[PDB]
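Engineer:
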DNA sequence: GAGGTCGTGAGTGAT
DNA sequence: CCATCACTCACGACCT
């Protein structure tokens with residue numbers, strides 16, 4: 082009865098100890114397969130031996146001297169260099185001319201590395217965010262946190307929240343960046374509000390050349406009134422998907438036949454026609 | 004009758020782990036308030052990170068340009084906690100700043116368990132594992148949402171990070187390292222005050238750098254007029270849910286937005302309803318291409334169970 | 001004879 | 001002021 086709950090709660094205790102034991106053994110076996118002086122011998126030495134060689138590795142690593157430790161300034165800075173999606177750019181505190189630059193700028197915004205070096209920083213920086221920048225690394258201090266825009270790459303702006311401490335003059339600072362078809366958009370009349378970049382391969386056109394115009398111009402005379410009338414139906418068809426087929430024009434001046442399917446998307450509350458989305462397929 | 008010898012081995016283990024404890028280069032302070040299993044897991048984490056780091060040289064992080072105290076300043080100036088671990092689940096390092104964002108000290112957290120699946124609520128485990136299941140996109144980013152067991163809900167935390175190369179090693183073989191910055195999301218952001226027409230009342234000024242559009246230029250403009258024509262349907266069903274009910278209803282969204290200068294900048298938006306008629310407040314966060322891919326995977330997965 | 005494991009009491013607290 | 005709870009810690013007996 083209650084004595085049967087005794088050894089059943091004692092069963093819970095025995096299983097707690099079971100988990101404890103296998104967990105210690107797991108920490109132990111992982112430590113074994115981790116430290117090289119124990120990660121090789123397949124006849125894993127006895128638990129005491131691996132504890133001893135672990136004492137060895139720990140202290141030999143912790144030989145530094147003259155949170156105290158548990159990460160080096162080198163270690164943390166290295167990781168933030170290859171983690172923060174940012175970059176390092178040492179500059180000057182007397183003039184501003186770039187001192188050191190990292191290759192970590194190289195893939196983040198696809199910027200060249202040593203182009204900053206050889207130039208000053210105000211060259212390719214908005215002069216409007218130079219004003220107090222100049223008067224931030226100035227002398228007569259405080260922990261730096263001045264928000265600053267930054268140039269992107271130019272071969273094949304963004305704000306970096308650079309926090310740190312000024313130095314010898336020069337300025338050292340870092341921080342994570344503070345940051361075949363084509364589908365288009367029309368209005369209730371038929372003017373391009375948006376068009377995908379795939380037009381260069383379906384009509385031989387960059388998107389801006391059709392943006393700001395109505396499609397009906399580029400429709401063949403025999404198909405113009407058709408296409409107009411069609412869209413007039415599709416509008417009041419309450420977004421029921423619908424298709425039209427018209428000869429789209431081209432700067433190649435080749436009359437190419439094609440099909441376009443369209444329907445209306447309505448903000449469910451307003452129920453007002455917010456935009457027209459037109460799928461297009463060049464054949 | 005192993006009373007004599009088994010005692011000797013037990014106490015030998017205790018002595019070597021005592022050596023481990025006082026040699027554990029943590030603070031003199033918190034260590035006396037520790038447990039043995041705790042000390043063991045902690046020492047394993049240190050040895051792992053140590054052999055990882057020592058197997059490389061200080062190449063592209065030149066030293067001396069910064070001081071260690073100034074390094075502590077830098078990490079004190081971060082909006083979250085740093086985390087580096089293996090895809091097998093094995094932790095490497097956690098900056099103590101997590102306290103100012105999670106309460107429970109790092110030493111009080113890595114104690115009971117030595118894995119990511121020990122500092123993470125059950126629900127998201129598989130999902131986490133899912134975004135961890137793919138060991139590809141090398142030196143490319145990944146972004147996922149998950150919770151961390153709080154100091155008793164557990165606050166949702168965004169995690170963005172990069173994988174790196176495992177150095178020559180039989181253990182690290184089939185186990186690259188993943189470093190990541192993490193931050194509690196519910197308060217590099219633009220806040221949106223939206224009404225029931227998904228229009229634009231007030232935006233955070235910072236959108237001026239995110240989109241090149243000054244706040245006044247967006248006053249009374251349908252935000253639908255900035256949506257990519259493809260994830261439109263996702264946003265539409267989410268507006269449907271945010272409208273059909275009455276209460277503190279929450280919403281998530283992965284979207285793409287255009288720009289003044291042209292181009293595309295993916296955004297991750299979250300919404301919570303203040304009142305049944307009151308304004309709908311929303312927090313947005315910018316991401317990268319794959320930093321929307323992984324979110325799309327996690328999102329669709331969260332919808333598969335339904 | 002070594003190495004390791006499944007088991008319990010006595011003392012110890014946070015809930 | 002105990003009262004059930006986990007969690008940590010030793011210990012003689014017990015596989016192989």
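Chains as they are written, first to last, in the authors' numbering: chain A, 82 to 147, 155 to 228, 258 to 273, 303 to 314, 335 to 345, 361 to 464; chain B, 4 to 155, 163 to 197, 217 to 335. In this text, a Cβ means the ideal position worked out from N, Cα and C, and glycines have one as well.
Which whole-angstrom value describes the C-beta separation of residue 167 of chain B and residue 164 of chain A, a residue pair presumed to lie in contact below a C-beta threshold of 8 Å?
Structural biologist: Taking the first residue of the second chain as position 1, residue 167 of chain B is located at position 157. Taking the first residue of the first chain as position 1, residue 164 of chain A is located at position 76. In fact, because the Cβ distance is near 20 Å, the residues do not count as touching under 8 Å.
Engineer: Let me check one thing: in DSSP terms, what residues is residue 193 of chain B bridge-paired to?
Structural biologist: Position 183 of the second chain, counting from 1, holds the residue named residue 193 of chain B. Looking at the DSSP assignment, residue 193 of chain B forms a beta bridge with B/168.
Engineer: Could you pull the start and end residues of the alpha helix (DSSP H) that residue 95 of chain A belongs to?
Structural biologist: For the purposes of this step, residue 95 of chain A is identified with residue 14 of the first chain, where counting begins at 1. First-last of the alpha helix (DSSP H) with residue 95 of chain A: 83-115.
Engineer: Using three-state DSSP, classify residue 93 of chain B as helix, strand or coil.
Structural biologist: Counting from one through the second chain, the residue named residue 93 of chain B turns up at place 90. Correct three-state label for residue 93 of chain B: strand.
Engineer: Output the distance between the C-alpha atoms of residue 99 of chain A and residue 177 of chain A, rounded to the nearest integer angstrom.
Structural biologist: As a working mapping, residue 99 of chain A is identified with position 18 in the first chain. As a working mapping, residue 177 of chain A is identified with position 89 in the first chain. Cα to Cα, residue 99 of chain A sits roughly 54 Å from residue 177 of chain A.
Engineer: Leaving out the 5 sequence neighbours to the left and right, which residues in its chain are closer than 8 Å to residue 370 of chain A when beta-carbon positions are compared?
Structural biologist: Along the first chain, read from residue 1 onward, the residue named residue 370 of chain A stands at position 189. So the list reads 395, once near-sequence residues are dropped.
Engineer: Can you tell which of B/280, B/30 and B/72 has its C-alpha closest to the C-alpha of residue 302 of chain B?
Structural biologist: For this step, residue 302 of chain B is matched to residue 273 along the second chain. It is B/280.
Engineer: Between residue 118 of chain B and the rest of its own chain, which residues show a CB-CB distance below 7 Å, the 5 nearest in sequence each way excluded?
Structural biologist: Numbered from its first residue, the second chain carries residue 118 of chain B at position 115. Closer than 7 Å at Cβ, skipping near neighbours: 92, 93 and 94.
Engineer: What does DSSP give as the partner residue(s) for residue 282 of chain B in the beta ladder?
Structural biologist: For the purposes of this step, residue 282 of chain B is taken as residue 253 along the second chain, with counting starting at 1. Answer is B/298.
Engineer: Quick check on the burial criterion: 16 or more other C-beta atoms within 10 angstroms. Buried or exposed for residue 50 of chain B?
Structural biologist: Counted from its first residue, the second chain places residue 50 of chain B at position 47. In the assembly as shown, residue 50 of chain B is a buried residue. Its beta-carbon has 16 or more other beta-carbons within 10 Å.
Engineer: Where residue 283 of chain B and residue 372 of chain A are concerned, what is the direct C-alpha to C-alpha distance, given to the nearest angstrom?
Structural biologist: Looking up residue 283 of chain B in the second chain gives position 254. Looking up residue 372 of chain A in the first chain gives position 191. So the alpha carbons of these two residues sit roughly 28 Å apart.
Engineer: When Cβ atoms are compared, which residues of the stretch 35-55 of chain B fall closer than 9 Å to chain A?
Structural biologist: 39, 40, 43, 44, 46, 47, 49, 50, 51, 52, 53 and 54
Engineer: Quick check: the stretch 46-60 of chain B against the stretch 130-144 of chain A, are at least 3 beta-carbon pairs closer than 8 Å?
Structural biologist: With a cut-off of 8 Å, the stretch 46-60 of chain B and the stretch 130-144 of chain A count as touching, because enough Cβ pairs lie within range.
Engineer: With DSSP as the reference, label residue 256 of chain B as helix, strand or coil.
Structural biologist: Translated into the one-based positions of the second chain, residue 256 of chain B becomes position 227. Looking at residue 256 of chain B - three-state DSSP - the assignment turns out to be strand.
Engineer: For residue 460 of chain A, write down the residues that DSSP places opposite it in a beta bridge.
Structural biologist: The residue you call residue 460 of chain A lines up with position 279 of the first chain. In the DSSP output, where bridge partners are listed per residue, residue 460 of chain A has A/364 and A/442.
Engineer: Classify residue 115 of chain A: buried if its beta carbon has 16 or more other beta carbons within 10 angstroms, exposed otherwise.
Structural biologist: To locate residue 115 of chain A, count along the first chain from 1; it is residue 34. It counts as buried.
Engineer: Taking the alpha carbon of residue 142 of chain B as the point to measure from, which residue in B/172, B/124, B/69 and B/127 has its own alpha carbon closest?
Structural biologist: By one-based count along the second chain, residue 142 of chain B stands at place 139. Per the C-alpha coordinates, the member of B/172, B/124, B/69 and B/127 positioned closest to residue 142 of chain B is B/172.
Engineer: Going along chain A in order, which residues have a C-beta closer than 7 Å to the C-beta of residue 22 of chain B?
Structural biologist: In the second chain, the residue the question calls residue 22 of chain B occupies position 19. Those within 7 Å of residue 22 of chain B in chain A are 136.
Engineer: Less than 8 Å between the CB atoms is what I'm expecting for residue 207 of chain A and residue 189 of chain A, so what's the real figure, rounded?
Structural biologist: Within the first chain, residue 207 of chain A is the residue found at index 119, counting from 1. Within the first chain, residue 189 of chain A is the residue found at index 101, counting from 1. Not confirmed; about 10 Å, so no contact.
Engineer: Who are the near neighbours of residue 191 of chain A in its chain, counting only those whose CB is closer than 8 Å to its CB and skipping five residues on each side?
Structural biologist: In the first chain, counting from the first residue as 1, residue 191 of chain A sits at position 103. Cβ within range, chain order: 201.
Engineer: Does chain A have any CB closer than 8 Å to the CB of residue 70 of chain B?
Structural biologist: Counting from one through the second chain, the residue named residue 70 of chain B turns up at place 67. By this cut-off, residue 70 of chain B is an interface position.
Engineer: Touch check for the stretch 165-173 of chain A and the stretch 336-344 of chain A: three-plus C-beta pairs under 8 Å?
Structural biologist: yes
Engineer: Do you know offhand how far residue 292 of chain B's Cα is from residue 285 of chain B's?
Structural biologist: Along the second chain, one-based indexing puts residue 292 of chain B at 263. Along the second chain, one-based indexing puts residue 285 of chain B at 256. Each residue's alpha carbon lies about 10 Å from the other.
Engineer: How would you list, in chain order, the residues of chain A whose beta-carbon sits under 8 Å from the beta-carbon of residue 1 of chain B?
Structural biologist: What the structure shows of chain B is the stretch from 4 to 335, and residue 1 of chain B is not part of that stretch, so it cannot be assessed.
Engineer: Measure the alpha-carbon distance for residue 261 of chain B versus residue 134 of chain B and round it to whole angstroms.
Structural biologist: Position 232 of the second chain, counted from the start, is the residue given in the question as residue 261 of chain B. Position 131 of the second chain, counted from the start, is the residue given in the question as residue 134 of chain B. So the alpha carbons of these two residues sit roughly 24 Å apart.
Engineer: Taking just the CA atoms, how far does residue 383 of chain A sit from residue 331 of chain B?
Structural biologist: Taking the first residue of the second chain as position 1, residue 331 of chain B is located at position 302. Taking the first residue of the first chain as position 1, residue 383 of chain A is located at position 202. Roughly 37 Å separates the two Cα atoms.
Engineer: Would you mind sorting residue 239 of chain B into buried or exposed? The rule is 16 or more other CB atoms within 10 Å of its CB.
Structural biologist: For the purposes of this step, residue 239 of chain B is taken as residue 210 along the second chain, with counting starting at 1. So residue 239 of chain B ends up on the buried side.
Engineer: What is the C-beta distance between residue 416 of chain A and residue 454 of chain A, in whole angstroms, given that I count them as a contact (C-beta under 8 Å)?
Structural biologist: Translated into the one-based positions of the first chain, residue 416 of chain A becomes position 235. Translated into the one-based positions of the first chain, residue 454 of chain A becomes position 273. So it is a contact: roughly 7 Å between Cβ atoms.
Engineer: For residue 245 of chain B, count neighbouring C-beta atoms within 10 Å of its own C-beta (all shown protein chains included) and say buried if the count is 16 or more, exposed if not.
Structural biologist: The residue labelled residue 245 of chain B in the question sits at position 216 within the second chain. Exposed.
Engineer: Can you give me the C-alpha to C-alpha distance between residue 224 of chain B and residue 390 of chain A, rounded to a whole angstrom?
Structural biologist: By one-based count along the second chain, residue 224 of chain B stands at place 195. By one-based count along the first chain, residue 390 of chain A stands at place 209. Computed Cα separation, rounded: 35 Å.
Engineer: Please report how far the alpha carbon of residue 48 of chain B lies from the alpha carbon of residue 345 of chain A, in whole angstroms.
Structural biologist: Your numbering for residue 48 of chain B matches position 45 in the second chain. Your numbering for residue 345 of chain A matches position 179 in the first chain. Roughly 33 Å between the two C-alpha positions.
Engineer: Which whole-angstrom value describes the C-beta separation of residue 336 of chain A and residue 187 of chain A, a residue pair presumed to lie in contact below a C-beta threshold of 8 Å?
Structural biologist: Against the first chain, residue 336 of chain A aligns to sequence position 170. Against the first chain, residue 187 of chain A aligns to sequence position 99. The Cβ separation is near 5 Å, so the contact holds.
Engineer: Leaving out five residues on either side along the sequence, give the residues of the same chain with a beta carbon under 6 Å from the beta carbon of residue 112 of chain B.
Structural biologist: The residue labelled residue 112 of chain B in the question sits at position 109 within the second chain. The residues are 122.
Engineer: With hydrogens ignored, establish whether the beta-carbon of residue 142 of chain B is closer than 7 Å to any heavy atom of the ligand GTP.
Structural biologist: The model on display carries no ligand, and the ligand GTP is accordingly not part of it.
Engineer: Would you check if there are 3 or more beta carbon pairs closer than 8 Å linking the stretch 9-23 of chain B to the stretch 432-448 of chain A?
Structural biologist: no
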